[PDB]
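First comes the structure, then the notes that go with it.
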Amino acid sequence: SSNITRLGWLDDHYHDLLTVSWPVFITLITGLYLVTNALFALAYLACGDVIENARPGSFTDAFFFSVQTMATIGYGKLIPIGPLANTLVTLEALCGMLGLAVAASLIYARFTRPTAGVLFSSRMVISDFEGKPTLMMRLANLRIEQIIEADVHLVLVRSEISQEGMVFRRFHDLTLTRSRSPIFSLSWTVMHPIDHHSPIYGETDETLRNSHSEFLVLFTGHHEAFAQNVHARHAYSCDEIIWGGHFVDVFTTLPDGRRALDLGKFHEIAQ
Amino acid sequence: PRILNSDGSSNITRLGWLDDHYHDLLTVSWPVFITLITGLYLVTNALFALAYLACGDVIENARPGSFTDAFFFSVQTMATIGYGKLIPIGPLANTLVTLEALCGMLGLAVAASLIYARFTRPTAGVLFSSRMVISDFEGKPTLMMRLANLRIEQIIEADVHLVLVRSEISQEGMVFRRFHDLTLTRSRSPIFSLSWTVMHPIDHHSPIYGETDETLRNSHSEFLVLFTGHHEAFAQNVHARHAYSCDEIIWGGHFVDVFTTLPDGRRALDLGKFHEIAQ
Amino acid sequence: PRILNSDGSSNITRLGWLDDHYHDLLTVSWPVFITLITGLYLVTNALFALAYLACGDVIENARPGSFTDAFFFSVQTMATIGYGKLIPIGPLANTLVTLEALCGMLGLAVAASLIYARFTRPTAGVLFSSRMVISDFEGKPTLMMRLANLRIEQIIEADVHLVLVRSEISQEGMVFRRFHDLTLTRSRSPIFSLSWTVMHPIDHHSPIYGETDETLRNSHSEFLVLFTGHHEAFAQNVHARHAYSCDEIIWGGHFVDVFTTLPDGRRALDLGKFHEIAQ
Amino acid sequence: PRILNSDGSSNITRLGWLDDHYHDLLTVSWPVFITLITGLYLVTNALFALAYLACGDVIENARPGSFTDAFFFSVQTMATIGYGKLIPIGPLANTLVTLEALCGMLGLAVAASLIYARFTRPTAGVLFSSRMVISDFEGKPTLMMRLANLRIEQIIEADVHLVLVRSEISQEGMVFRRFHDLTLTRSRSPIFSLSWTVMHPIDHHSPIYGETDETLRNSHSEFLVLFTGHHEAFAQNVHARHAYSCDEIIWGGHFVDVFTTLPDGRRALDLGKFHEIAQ
Ligand SMILES: [K+]
Ligand SMILES: [K+]
Ligand SMILES: [K+]
Ligand SMILES: [K+]
């Protein structure tokens with residue numbers, strides 16, 4: 001979240017249509033729908049009394065005729081009369097379907113958006129693994145389907161002072177022992193070894209709070225479920241780092257002797 | 001007792017309604033999907049019918065206060081067949097009409113997308129050698145297996161990952177399952193079109209360096225292959241995965257050749273040899 | 001006399017009907033596209049009308065041998081409004097009907113795809129500083145320019161390329177145009193949301209090292225910027241390009257700052273200062 | 001007797017019904033595809049007609065027990081033209097109606113997707129120099145060829161692979177076909193818009209180092225080019241492949257230039273020169 005005030009209507013039409021809330025989107029469409037039919041109705045009246053069984057010079061009748069015509073229900077009470085009437089008809093028809101074509105695309109465009117079934121460990125931990133302190137957290141796939149060429153970024157964000165004494169926010173991508181997982185299917189524990197190259201080297205808790213430093217995780221991959229790309233983002237604050245902690249294991253052997261995953265343990269950190 | 005199946009799906013027991021609507025709709029079996037749609041379809045028409053009755057006797061040639069008539073009218077209206085026997089009467093009737101119409105088409109728009117979303121799935125025409133082999137190639141033992149494209153169409157910027165999965169111990173004594181991506185001599189094939197023999201030279205950097213068969217079984221180690229690429233057939237990305245167990249490694253073996261020279265002098269492919277390993 | 005325009009499109013004269021149908025349909029202006037469709041629409045109905053007349057007087061309530069009547073019938077039939085005055089008569093009439101219908105819908109299917117294909121294009125809300133500047137930052141002269149995101153939505157794993165294009169002479173004396181990608185202090189921004197000032201430190205490795213203004217004009221050298229990233233707004237990838245000429249480099253200049261404190265004490269972005277370069 | 005054709009498709013003889021439905025539907029020729037759809041269309045209506053007859057005389061104004069009438073009614077119903085002569089009668093008739101309707105639209109949804117799936121395929125407007133040349137550039141012999149963009153639209157992050165394919169003998173004495181990707185002086189072009197001359201310097205690392213013509217024929221060696229990039233025209237990825245045989249290498253040749261200055265003083269591109277190699 002980046003709240004702020006941007007100083008600077010139809011400009012971004014396509015974005016806006018995909019960005020709007022479903023209620024609003026439907027409204028807009030509806031509005032457009034009603035509107036255009038009214039317009040068409042007027043076109044009809046404009047010709048004057050060109051529709052069978054229509055109360056003379058009545059907009060309602062014309063309007064409803066226009067819908068029956070444009071939605072192509074074509075009930076059959078109200079009917080065109082004469083060249084002008086019908087031309088407007090064959091024009092509306094086309095208009096109607098084009099509208100459908102445009103509506104569909106929008107619908108589909110906004111409708112077809114997957115979500116990685118990915119869950120983030122509520123905490124990070126800093127603990128010794130393979131002889132160097134390692135910052136870690138872990139992802140669990142929440143669905144049976146697999147994610148291919150999945151990969152993750154662990155980014156430290158913190159404030160720094162320039163020689164000139166500008167106090168700004170700067171981003172550090174943190175080298176992970178494993179950044180790609182071509183086949184992510186159950187759980188993945190991501191690790192950033194801390195050594196003389198880690199921007200968090202020889203850093204205590206006190207020092208982390210002091211730079212007002214947070215940790216941002218971006219996960220992305222190709223989800224087999226949707227046959228489409230997915231991603232998920234999470235953020236941690238200095239205080240969600242459990243120093244010395246170790247993620248419990250979620251891997252079990254059943255009585256049956258069959259391996260298992262207990263995602264109840266997923267958020268549990270031994271200490 | 002393998003952790004990973006041949007199809008590449010992990011082999012574990014997992015221990016755990018409208019929440020995942022979109023996934024579920026794409027995940028359901030066609031029978032069910034069609035049912036759901038149908039249900040929704042019938043349902044909404046019934047609802048609309050009630051709306052009509054609610055106004056009371058607002059449809060031409062409808063038996064007074066009869067749901068059937070109203071229902072069927074509602075379908076003729078929403079599917080926009082608009083036969084013409086049953087007709088709206090008065091403002092209330094018609095407003096409901098012009099509302100249904102819109103509803104009908106929107107439904108179509110939503111149904112279509114779903115249909116298309118679930119319908120437009122490709123499958124790499126890719127076949128995996130049933131076995132791997134460890135044998136000397138160019139002066140270093142090399143683990144290899146091979147892929148054959150099963151279709152005439154080509155796969156572009158195809159690439160493959162060979163991942164060893166096995167049990168280990170940390171200095172801290174954590175006993176975990178670790179993944180080792182194994183350096184392949186060749187990982188890209190910009191035009192994968194017939195057969196590709198993937199190789200992982202084994203040297204002091206290979207996590208399987210100086211490892212016998214006994215040692216592989218001992219770490220309960222398997223090998224996972226992920227292939228992916230852009231299929232010209234579908235003009236869309238495809239992939240395929242496969243897994244091998246320690247015992248599907250044929251030591252000393254050599255893949256037979258399926259590549260021939262015809263009498264004509266034109267090269268050829270005999271995909272019967274594909275799974276054949278000389279020994 | 002610039003090779004590249006500001007919009008990033010190369011500025012050259014190219015020297016070279018139904019050949020490129022699909023491209024052309026997506027490339028045409030909406031007015032024209034709609035016209036084409038319309039034309040096709042009217043055309044085919046006329047054709048069908050003739051088919052009807054050809055049979056001769058096969059439509060209920062149609063003025064004998066009148067094209068208009070047949071034409072309008074054909075539309076009512078193909079758009080499937082099917083009013084009900086004009087009706088088919090006999091096998092020939094109806095076969096043509098059930099053929100048109102199918103035709104109508106297929107047309108829709110084709111029109112839709114085109115519409116959707118041309119309709120579903122995002123545009124990075126990205127604005128480029130009208131100028132570049134060369135100035136000392138952190139103790140080395142640095143070429144820089146800056147991007148501002150014009151929308152509230154964020155761009156993920158955004159990244160940018162700064163490419164110098166200029167003329168050179170080979171030892172063999174070929175005088176060609178070469179591209180140099182210029183090392184940026186920061187080329188990736190996983191989360192681009194407001195403004196980004198891109199920098200190319202100039203040192204013994206920069207192809208523009210120890211280069212004055214005179215020398216830049218002399219190689220007729222320009223600077224091309226390509227930005228790309230995944231836009232949350234569209235949940236789809238976006239990009240933007242821009243180009244600068246030697247003379248849009250403000251030597252010694254410094255981009256002003258665009259971050260403000262409101263009277264309200266709320267922080268702000270004045271994309272008013274965005275193009276302002278102190279000197 | 002080339003292994004690979006110019007189109008990039010391997011040139012080999014392969015030695016080996018409803019199984020591959022989706023592929024087949026996208027792979028079929030338009031004529032056939034349309035036929036299939038038509039067939040399906042007619043077929044299902046016939047089926048439905050029978051359903052109607054099966055009930056017996058349930059359609060207004062239908063000649064008793066006549067399939068034609070029922071069939072045509074079925075189309076008017078399923079395409080939802082719903083003219084109004086033929087009308088359902090009784091619950092059975094109408095249920096079949098509201099079922100057909102749904103069926104009709106679903107069909108449309110399926111047809112559309114297919115249409116769109118097969119319809120929305122781009123083609124890089126890319127042209128390959130008919131020949132390669134080996135000549136001295138910047139003090140080392142360089143293998144080169146060149147691409148020209150055939151459209152006004154630009155290709156972004158375009159890139160190309162130059163792959164040598166030739167026969168070899170392993171130390172173990174396996175006589176196989178090996179692919180060598182050849183290091184190019186420039187493999188990426190973030191903005192490809194007019195012409196691009198690709199180069200593979202030949203030095204002690206080039207698999208074609210110190211190789212004459214005789215030696216190339218001898219390994220029956222060819223050169224495969226894969227180009228790919230994101231086409232602004234289609235807002236979608238495109239690619240193109242090409243292949244060259246040993247004998248399409250013009251030794252000592254130099255590509256002519258296609259860049260001109262008009263009388264007007266405006267730069268230009270003459271595609272007559274594109275295939276011309278000075279010697
Ligand atoms: K109708
Ligand atoms: K009617
Ligand atoms: K798409
Ligand atoms: K209709």
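Quick note on naming: the chains in the structure tokens go A, B, ... in the order shown, residues restart at 1 in each chain, and ligands are numbered from 1 in order of appearance.
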For ligand 2, collect every residue having any atom at a distance of at most 8 Å from a ligand atom (counting only C-alpha atoms and all ligand atoms); output as a list in words.
residues 73, 74, 75 and 76 of chain A; 81, 82, 83 and 84 of chain B; 81, 82, 83 and 84 of chain C; 81, 82, 83 and 84 of chain D
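Applying a distance limit of 7 Å to only C-alpha atoms, the residues of chain B near chain D read residues 75, 79, 80, 81, 82, 83, 84, 112, 115, 116, 138, 190, 235, 265, 266, 267, 268, 269, 270 and 271 of chain B.
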How about saving the chosen residues, C-alpha atoms kept, as a PDB file, in the first residue's frame?
ATOM      1  CA  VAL B  75     -36.946 -18.574 -21.349  1.00  0.00           C
ATOM      2  CA  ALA B  79     -32.902 -16.653 -24.844  1.00  0.00           C
ATOM      3  CA  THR B  80     -34.568 -14.023 -26.976  1.00  0.00           C
ATOM      4  CA  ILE B  81     -36.423 -16.550 -29.148  1.00  0.00           C
ATOM      5  CA  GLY B  82     -39.445 -14.347 -28.580  1.00  0.00           C
ATOM      6  CA  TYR B  83     -41.919 -16.631 -30.344  1.00  0.00           C
ATOM      7  CA  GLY B  84     -44.810 -14.196 -30.005  1.00  0.00           C
ATOM      8  CA  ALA B 112     -18.516 -18.195 -23.065  1.00  0.00           C
ATOM      9  CA  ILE B 115     -16.138 -22.380 -21.775  1.00  0.00           C
ATOM     10  CA  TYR B 116     -13.230 -20.803 -23.650  1.00  0.00           C
ATOM     11  CA  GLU B 138      32.913 -36.972 -23.986  1.00  0.00           C
ATOM     12  CA  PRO B 190      15.306 -22.829 -29.782  1.00  0.00           C
ATOM     13  CA  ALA B 235       0.408 -20.717 -30.519  1.00  0.00           C
ATOM     14  CA  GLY B 265      19.684 -40.570 -48.448  1.00  0.00           C
ATOM     15  CA  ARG B 266      16.999 -38.677 -46.570  1.00  0.00           C
ATOM     16  CA  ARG B 267      17.333 -38.857 -42.760  1.00  0.00           C
ATOM     17  CA  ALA B 268      14.479 -40.528 -40.814  1.00  0.00           C
ATOM     18  CA  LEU B 269      12.938 -41.145 -37.350  1.00  0.00           C
ATOM     19  CA  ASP B 270      11.987 -44.593 -36.056  1.00  0.00           C
ATOM     20  CA  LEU B 271      10.351 -43.767 -32.634  1.00  0.00           C
TER      21      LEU B 271
END
Exercise: segment 212-215 of chain A partners within 6 Å, only C-alpha atoms, chain neighbours under 6 positions left out, as an MDAnalysis selection string:
chainID A and resid 155:158 235:238
May I have the residues of chain A within 6 Å of chain B, counting only C-alpha atoms, written as a PyMOL selection string?
chain A and resi 73+75+104+108+130+259-262
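Take atom CA of residue 175 of chain A and atom CA of residue 159 of chain C: the distance between them is 18.7 Å.
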At a cut-off of 12 Å, using only C-alpha atoms, what residues contact residue 139 of chain C? Leave out same-chain residues fewer than 5 positions from it and give the result as an NGL selection string.
(:A and (163-164)) or (:C and (201-203))
Once DSSP has gone over the backbone, tell me which residues of segment 53-246 of chain A are in strand (DSSP E), as a tab-separated table (two decimals) with C-alpha atoms, in the first residue's frame.
chain	number	residue	atom	x	y	z
A	118	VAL	CA	-0.11	-19.57	-2.20
A	119	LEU	CA	0.09	-19.09	1.57
A	120	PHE	CA	2.90	-17.16	3.29
A	124	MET	CA	10.18	-14.92	9.20
A	125	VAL	CA	12.95	-16.33	11.32
A	126	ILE	CA	16.66	-15.73	11.55
A	127	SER	CA	18.51	-18.86	12.55
A	128	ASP	CA	21.63	-20.87	11.83
A	129	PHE	CA	21.36	-23.16	8.87
A	132	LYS	CA	25.61	-19.26	8.66
A	133	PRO	CA	22.67	-17.37	10.11
A	134	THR	CA	19.87	-17.49	7.58
A	135	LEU	CA	16.78	-15.38	7.19
A	136	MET	CA	13.92	-17.56	6.02
A	137	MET	CA	10.19	-17.78	5.49
A	138	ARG	CA	8.09	-20.33	3.63
A	139	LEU	CA	5.35	-20.73	1.04
A	140	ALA	CA	2.72	-23.44	0.89
A	141	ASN	CA	0.74	-24.24	-2.25
A	147	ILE	CA	3.11	-24.26	-10.20
A	148	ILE	CA	5.83	-24.41	-12.84
A	149	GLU	CA	9.06	-22.43	-12.97
A	150	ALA	CA	7.92	-20.75	-9.79
A	151	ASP	CA	10.33	-18.21	-8.34
A	152	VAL	CA	10.53	-15.74	-5.48
A	153	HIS	CA	12.17	-12.42	-4.55
A	154	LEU	CA	13.11	-11.42	-1.04
A	155	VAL	CA	13.48	-7.67	-0.91
A	156	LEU	CA	14.66	-5.67	2.08
A	157	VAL	CA	13.39	-2.10	2.17
A	158	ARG	CA	15.00	0.35	4.56
A	159	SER	CA	16.04	3.97	5.06
A	160	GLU	CA	19.59	5.16	4.39
A	161	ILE	CA	21.55	8.36	4.83
A	167	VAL	CA	17.38	10.29	4.32
A	168	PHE	CA	15.60	8.08	1.79
A	169	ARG	CA	14.10	4.60	1.28
A	170	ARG	CA	16.27	2.21	-0.79
A	171	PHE	CA	15.49	-1.47	-1.95
A	172	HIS	CA	17.85	-4.46	-1.57
A	173	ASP	CA	17.18	-7.76	-3.33
A	180	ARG	CA	13.90	-20.78	-8.76
A	181	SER	CA	11.76	-23.85	-8.25
A	182	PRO	CA	10.80	-25.24	-11.64
A	183	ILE	CA	8.11	-27.41	-9.97
A	184	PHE	CA	6.50	-25.96	-6.83
A	187	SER	CA	5.89	-26.27	0.53
A	188	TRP	CA	8.98	-24.18	-0.13
A	189	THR	CA	11.23	-22.71	2.54
A	190	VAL	CA	13.09	-19.75	1.11
A	191	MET	CA	16.45	-18.76	2.56
A	192	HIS	CA	18.76	-15.79	2.50
A	193	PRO	CA	22.11	-16.74	4.04
A	214	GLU	CA	10.72	-4.18	6.14
A	215	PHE	CA	10.87	-7.31	3.98
A	216	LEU	CA	8.89	-7.74	0.79
A	217	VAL	CA	8.25	-11.11	-0.83
A	218	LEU	CA	7.13	-11.51	-4.42
A	219	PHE	CA	6.19	-14.98	-5.65
A	220	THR	CA	5.28	-15.80	-9.24
A	221	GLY	CA	4.87	-18.89	-11.41
A	222	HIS	CA	2.79	-20.64	-14.05
A	223	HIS	CA	-0.24	-22.34	-12.50
A	228	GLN	CA	-1.81	-19.09	-16.91
A	229	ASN	CA	0.66	-17.09	-14.83
A	230	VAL	CA	-0.03	-16.25	-11.19
A	231	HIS	CA	1.66	-14.35	-8.46
A	232	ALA	CA	1.36	-13.42	-4.76
A	233	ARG	CA	3.03	-10.77	-2.66
A	234	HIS	CA	3.58	-10.46	1.07
A	235	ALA	CA	5.42	-8.10	3.38
A	236	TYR	CA	7.02	-8.45	6.80
A	237	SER	CA	7.99	-5.82	9.36
A	241	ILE	CA	11.30	-11.67	12.42
A	242	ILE	CA	11.59	-14.37	15.07
A	243	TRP	CA	15.29	-14.46	15.97
A	246	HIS	CA	13.04	-22.55	13.53
